[PDB]
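The block underneath contains the structure these notes are about, expressed in structure tokens.
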Amino acid sequence: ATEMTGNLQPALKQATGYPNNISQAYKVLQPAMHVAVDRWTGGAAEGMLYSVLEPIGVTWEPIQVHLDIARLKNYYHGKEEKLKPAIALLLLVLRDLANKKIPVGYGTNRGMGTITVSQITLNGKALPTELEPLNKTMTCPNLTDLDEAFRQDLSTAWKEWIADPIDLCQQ
Amino acid sequence: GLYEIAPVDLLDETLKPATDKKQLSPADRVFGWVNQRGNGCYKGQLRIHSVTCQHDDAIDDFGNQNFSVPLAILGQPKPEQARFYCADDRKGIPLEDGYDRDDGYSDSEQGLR
Amino acid sequence: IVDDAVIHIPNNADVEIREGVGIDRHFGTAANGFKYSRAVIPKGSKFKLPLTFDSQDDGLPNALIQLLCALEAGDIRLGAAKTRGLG
């Protein structure tokens with residue numbers, strides 16, 4: 001497309017699946033215009049006009065992260081005690097993801113990129129018995145769906161690593 | 001006639017937009033920076049997000065969907081009007097009244113408003 | 001024995017180029033020199049599994065059966081960037 005108000009409008013009506021209803025089409029993909037405004041004059045800085053096709057309403061499928069517990073356990077020469085700092089870190093990262101602390105994609109500081117997390121499902125296979133409490137579906141962002149005894153165990157192994165942050169795979 | 005000095009020269013070098021990572025002023029640190037003249041950038045420390053309107057019927061339909069108020073004239077800024085845009089000292093003092101336009105962007109010790 | 005297998009890309013589809021950047025952890029911006037791009041075979045492309053096995057014992061090794069079960073389960077990754085989306 002070459003005209004934002006011209007031949008672009010048919011194209012987005014096509015692609016958004018509302019070929020006859022632009023006011024629904026632009027609830028899925030919405031063109032935005034921006035200006036840089038010159039600080040002495042106002043108006044707009046010469047040349048500084050640009051536009052974004054913002055996918056305001058595109059729905060996204062659930063993100064899949066695969067953690068290879070066998071590969072870590074090999075790095076730690078088998079010692080499943082040593083998983084807890086790495087598992088503790090990962091759960092802290094996921095806590096921030098659910099608290100809007102990790103924006104994603106382009107323009108995160110410029111009106112894009114903030115995600116709502118509705119549910120994290122943890123589904124491990126053949127986990128060692130002390131990590132077996134991970135198999136859970138979580139909906140509280142603050143991990144409160146993980147057993148407090150398990151979260152308190154991870155916190156202990158994590159705090160014990162914070163007190164001496166060795167290279168944990170150093171045998 | 002042409003004024004003798006271009007407005008870029010009436011702005012102090014410490015106020016022109018930054019040109020390296022060493023000279024980032026407070027807004028350039030908080031909101032971030034990109035060098036317009038070469039390499040150099042910094043991601044801003046201030047992020048605005050999750051804007052939501054709380055009211056539902058918030059837009060003023062003037063009476064029918066096809067109404068439209070015609071909106072005065074938003075003219076373009078015209079800094080040639082030195083008596084509005086120029087300053088007698090780099091503290092931003094307005095020009096003196098009564099002086100002819102040849103005075104506008106005259107001395108290098110003039111300033112921008 | 002594992003033969004070479006040609007990849008048949010879907011109809012009308014073509015090799016995609018993925019852009020990559022490394023983001024400086026201090027400034028939060030692209031690091032100098034860390035801009036790259038990768039050609040990738042699109043999702044849904046097909047190629048033939050081309051295995052032959054010369055058994056000297058009778059039957060079929062159970063580990064070789066586990067391998068084929070793992071392929072059908074999709075537990076095997078192939079090529080580069082295996083942790084970063086591909087393969």
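So you can find residues: chains in the structure tokens are A, B, ... in the order shown, residues in each start at 1, and ligands are numbered from 1 in order.
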Write out as a Markdown table a residue-level contact list of chain A versus chain C with cut-off 10 Å: for each qualifying residue the closest pair of atoms and the distance in Å to one decimal, counting only C-alpha atoms, rows sorted by chain and residue number upward.
| residue | atom | partner | partner_atom | distance |
| --- | --- | --- | --- | --- |
| A:64 | CA | C:85 | CA | 9.9 |
| A:65 | CA | C:83 | CA | 9.5 |
| A:66 | CA | C:83 | CA | 8.8 |
| A:67 | CA | C:83 | CA | 9.8 |
Taking only C-alpha atoms into account, which residues of chain A are within 10 Å of chain B, as a PyMOL selection string?
-> chain A and resi 40-44+100+103+108-116
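Any residue of chain C with an atom no more than 9 Å from chain B counts as a contact; using only C-alpha atoms, that gives residues 26, 27, 28, 29 and 30 of chain C.
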Please dump the current selection as an mmCIF file, in the first residue's frame; keep C-alpha atoms.
data_model
loop_
_atom_site.group_PDB
_atom_site.id
_atom_site.type_symbol
_atom_site.label_atom_id
_atom_site.label_comp_id
_atom_site.auth_asym_id
_atom_site.auth_seq_id
_atom_site.Cartn_x
_atom_site.Cartn_y
_atom_site.Cartn_z
ATOM 1 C CA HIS C 26 24.224 -1.213 29.895
ATOM 2 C CA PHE C 27 22.695 1.225 27.392
ATOM 3 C CA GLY C 28 19.800 -0.981 26.370
ATOM 4 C CA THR C 29 20.547 -0.450 22.689
ATOM 5 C CA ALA C 30 22.030 -2.440 19.846
#
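Proximity to residue 104 (chain B) was assessed for B:37, B:22, B:16, B:83 counting only C-alpha atoms; the smallest distance is recorded for B:83.
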Just the strand (DSSP E or B) stuff from region 31-103 of chain B, please, per backbone DSSP, written as a ChimeraX atom specification.
-> /B:32-34,41-43,86-89,93-94
Can you list, as a ChimeraX atom specification, every residue of region 13-123 of chain A that DSSP puts in helix (DSSP H, G or I)?
-> /A:13-15,22-25,69-75,80-98
Once you have the residues from the selection above, write them out as a compact mmCIF listing (two decimals), in the first residue's frame, restricted to N, CA, C and O atoms.
# COMPACT_ATOMS: atom_id res chain seq x y z
N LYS A 13 -8.59 -3.85 5.49
CA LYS A 13 -9.90 -4.47 5.58
C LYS A 13 -9.85 -5.92 5.12
O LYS A 13 -10.49 -6.79 5.72
N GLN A 14 -9.14 -6.20 4.04
CA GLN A 14 -8.90 -7.57 3.62
C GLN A 14 -8.25 -8.38 4.74
O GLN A 14 -8.82 -9.35 5.25
N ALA A 15 -7.04 -7.99 5.12
CA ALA A 15 -6.21 -8.79 6.01
C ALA A 15 -6.80 -8.95 7.41
O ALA A 15 -6.72 -10.03 8.00
N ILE A 22 -14.32 -1.05 8.14
CA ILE A 22 -13.00 -0.56 8.52
C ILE A 22 -12.93 -0.26 10.01
O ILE A 22 -11.87 -0.40 10.63
N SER A 23 -14.04 0.12 10.63
CA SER A 23 -13.99 0.44 12.05
C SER A 23 -13.77 -0.78 12.91
O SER A 23 -13.41 -0.64 14.08
N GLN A 24 -14.03 -1.97 12.39
CA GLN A 24 -13.57 -3.22 12.99
C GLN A 24 -12.19 -3.60 12.51
O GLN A 24 -11.40 -4.17 13.27
N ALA A 25 -11.88 -3.34 11.25
CA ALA A 25 -10.54 -3.61 10.75
C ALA A 25 -9.48 -2.90 11.58
O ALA A 25 -8.45 -3.48 11.91
N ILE A 69 15.88 -30.13 31.89
CA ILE A 69 16.41 -30.51 33.20
C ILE A 69 17.55 -31.51 33.09
O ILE A 69 18.45 -31.53 33.93
N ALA A 70 17.53 -32.38 32.09
CA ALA A 70 18.64 -33.31 31.91
C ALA A 70 19.94 -32.59 31.59
O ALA A 70 21.00 -32.98 32.08
N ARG A 71 19.89 -31.58 30.74
CA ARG A 71 21.09 -30.81 30.40
C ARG A 71 21.66 -30.03 31.57
O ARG A 71 22.87 -30.03 31.77
N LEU A 72 20.83 -29.38 32.38
CA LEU A 72 21.37 -28.77 33.60
C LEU A 72 21.99 -29.80 34.52
O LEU A 72 23.16 -29.70 34.89
N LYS A 73 21.25 -30.85 34.80
CA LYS A 73 21.73 -31.88 35.71
C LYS A 73 23.05 -32.47 35.25
O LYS A 73 23.90 -32.81 36.08
N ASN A 74 23.26 -32.59 33.95
CA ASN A 74 24.59 -32.94 33.43
C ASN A 74 25.62 -31.86 33.71
O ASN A 74 26.78 -32.17 34.00
N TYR A 75 25.26 -30.58 33.55
CA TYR A 75 26.21 -29.52 33.89
C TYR A 75 26.61 -29.56 35.34
O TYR A 75 27.76 -29.31 35.68
N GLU A 80 21.24 -32.83 42.01
CA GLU A 80 19.95 -32.14 41.92
C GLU A 80 19.77 -31.09 43.00
O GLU A 80 18.81 -30.32 42.92
N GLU A 81 20.59 -31.09 44.03
CA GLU A 81 20.58 -29.96 44.95
C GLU A 81 20.89 -28.67 44.21
O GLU A 81 20.32 -27.62 44.51
N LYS A 82 21.82 -28.72 43.26
CA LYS A 82 22.27 -27.57 42.50
C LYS A 82 21.24 -27.03 41.52
O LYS A 82 21.43 -25.92 41.02
N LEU A 83 20.17 -27.76 41.24
CA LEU A 83 19.11 -27.19 40.41
C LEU A 83 18.38 -26.04 41.07
O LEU A 83 17.91 -25.14 40.38
N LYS A 84 18.26 -26.03 42.39
CA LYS A 84 17.36 -25.07 43.01
C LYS A 84 17.74 -23.62 42.78
O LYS A 84 16.83 -22.80 42.57
N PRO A 85 19.00 -23.20 42.83
CA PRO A 85 19.29 -21.83 42.41
C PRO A 85 18.91 -21.54 40.97
O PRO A 85 18.39 -20.46 40.70
N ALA A 86 19.15 -22.46 40.04
CA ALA A 86 18.74 -22.21 38.66
C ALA A 86 17.23 -22.20 38.50
O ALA A 86 16.69 -21.37 37.77
N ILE A 87 16.53 -23.12 39.14
CA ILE A 87 15.07 -23.10 39.15
C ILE A 87 14.54 -21.88 39.89
O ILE A 87 13.48 -21.35 39.55
N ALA A 88 15.20 -21.48 40.97
CA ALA A 88 14.79 -20.28 41.68
C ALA A 88 14.89 -19.04 40.80
O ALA A 88 13.99 -18.21 40.78
N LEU A 89 16.01 -18.89 40.09
CA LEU A 89 16.15 -17.79 39.15
C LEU A 89 15.05 -17.77 38.11
O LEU A 89 14.41 -16.74 37.88
N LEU A 90 14.78 -18.91 37.49
CA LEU A 90 13.76 -18.98 36.45
C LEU A 90 12.39 -18.57 36.96
O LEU A 90 11.64 -17.91 36.25
N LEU A 91 12.01 -19.01 38.15
CA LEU A 91 10.74 -18.58 38.71
C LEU A 91 10.70 -17.10 39.03
O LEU A 91 9.63 -16.50 38.98
N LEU A 92 11.82 -16.50 39.42
CA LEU A 92 11.86 -15.05 39.61
C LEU A 92 11.72 -14.29 38.30
O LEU A 92 11.11 -13.22 38.27
N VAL A 93 12.30 -14.81 37.22
CA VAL A 93 12.09 -14.22 35.90
C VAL A 93 10.63 -14.28 35.49
O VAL A 93 10.09 -13.32 34.95
N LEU A 94 9.99 -15.42 35.70
CA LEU A 94 8.58 -15.56 35.36
C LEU A 94 7.69 -14.70 36.23
O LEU A 94 6.63 -14.28 35.78
N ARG A 95 8.05 -14.49 37.49
CA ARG A 95 7.32 -13.54 38.33
C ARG A 95 7.30 -12.13 37.76
O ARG A 95 6.30 -11.42 37.89
N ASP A 96 8.42 -11.68 37.20
CA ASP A 96 8.45 -10.34 36.60
C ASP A 96 7.70 -10.28 35.29
O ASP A 96 7.00 -9.31 35.02
N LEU A 97 7.81 -11.32 34.48
CA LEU A 97 7.03 -11.38 33.26
C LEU A 97 5.56 -11.17 33.52
O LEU A 97 4.90 -10.39 32.83
N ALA A 98 5.03 -11.82 34.55
CA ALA A 98 3.62 -11.67 34.88
C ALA A 98 3.29 -10.35 35.54
O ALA A 98 2.12 -9.99 35.62
How many Å lie between CA of residue 52 (chain A) and CA of residue 104 (chain A), rounded to one decimal?
-> 16.5 Å
May I ask for the distance between CA of residue 150 (chain A) and CA of residue 68 (chain A), given in Å to one decimal place?
->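 Value for the CA of residue 150 (chain A)-CA of residue 68 (chain A) distance: 20.1 Å.
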With a distance cut-off of 7 Å and only C-alpha atoms, select the neighbouring residues of residue 22 (chain C), excluding the residue or stretch itself and same-chain residues fewer than 4 positions from it, and output the selection as a tab-separated table (two decimals) with N, CA, C and O atoms, in the first residue's frame.
chain	number	residue	atom	x	y	z
C	30	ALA	N	21.25	-1.53	20.65
C	30	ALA	CA	22.03	-2.44	19.85
C	30	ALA	C	23.51	-2.21	20.04
C	30	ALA	O	23.97	-1.08	20.06
C	31	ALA	N	24.23	-3.30	20.27
C	31	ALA	CA	25.67	-3.26	20.43
C	31	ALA	C	26.36	-3.16	19.08
C	31	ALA	O	25.85	-3.64	18.07
C	34	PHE	N	27.08	-6.11	16.48
C	34	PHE	CA	26.17	-7.22	16.73
C	34	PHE	C	24.87	-7.10	15.95
C	34	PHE	O	23.79	-7.07	16.51
C	35	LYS	N	24.99	-6.98	14.64
C	35	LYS	CA	23.84	-7.05	13.75
C	35	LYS	C	24.10	-8.17	12.75
C	35	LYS	O	25.15	-8.19	12.11
Looking at only C-alpha atoms, which of B:29, B:13, B:5, B:61 is the one that sits closest to residue 80 (chain B)?
->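 Under the stated criterion, the closest residue is B:5.
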Selection: 12 Å around region 60-77 of chain C, only C-alpha atoms, excl. self and same-chain fewer than 5 positions, as a list in words =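 Selected residues are residues 66 and 68 of chain A; 49, 51, 52, 53, 54, 55, 82, 83, 84, 85, 86 and 87 of chain C.
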Emit the selected residues as a short mmCIF file (atom, residue, chain, number, x, y, z; two decimals), in the first residue's frame, including C-alpha atoms.
data_model
loop_
_atom_site.label_atom_id
_atom_site.label_comp_id
_atom_site.auth_asym_id
_atom_site.auth_seq_id
_atom_site.Cartn_x
_atom_site.Cartn_y
_atom_site.Cartn_z
CA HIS A 66 11.24 -25.72 27.25
CA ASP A 68 15.98 -29.22 29.64
CA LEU C 49 13.75 -39.64 6.54
CA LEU C 51 17.65 -44.42 7.29
CA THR C 52 19.00 -47.89 6.58
CA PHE C 53 20.04 -50.32 9.32
CA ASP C 54 22.16 -53.46 8.75
CA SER C 55 21.26 -55.85 11.57
CA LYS C 82 18.16 -24.76 18.62
CA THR C 83 17.56 -22.80 21.82
CA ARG C 84 16.36 -19.66 19.99
CA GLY C 85 13.36 -20.92 18.01
CA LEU C 86 14.77 -23.09 15.26
CA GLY C 87 15.27 -26.72 14.48
#
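Picture a line from CA of residue 7 (chain C) to CA of residue 36 (chain C); it runs 24.1 Å.
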For residue 11 (chain B), the nearest of the candidates B:110, B:35, B:66, B:25, counting only C-alpha atoms =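 Going through B:110, B:35, B:66, B:25 one by one, the smallest distance to residue 11 (chain B) is for B:110.
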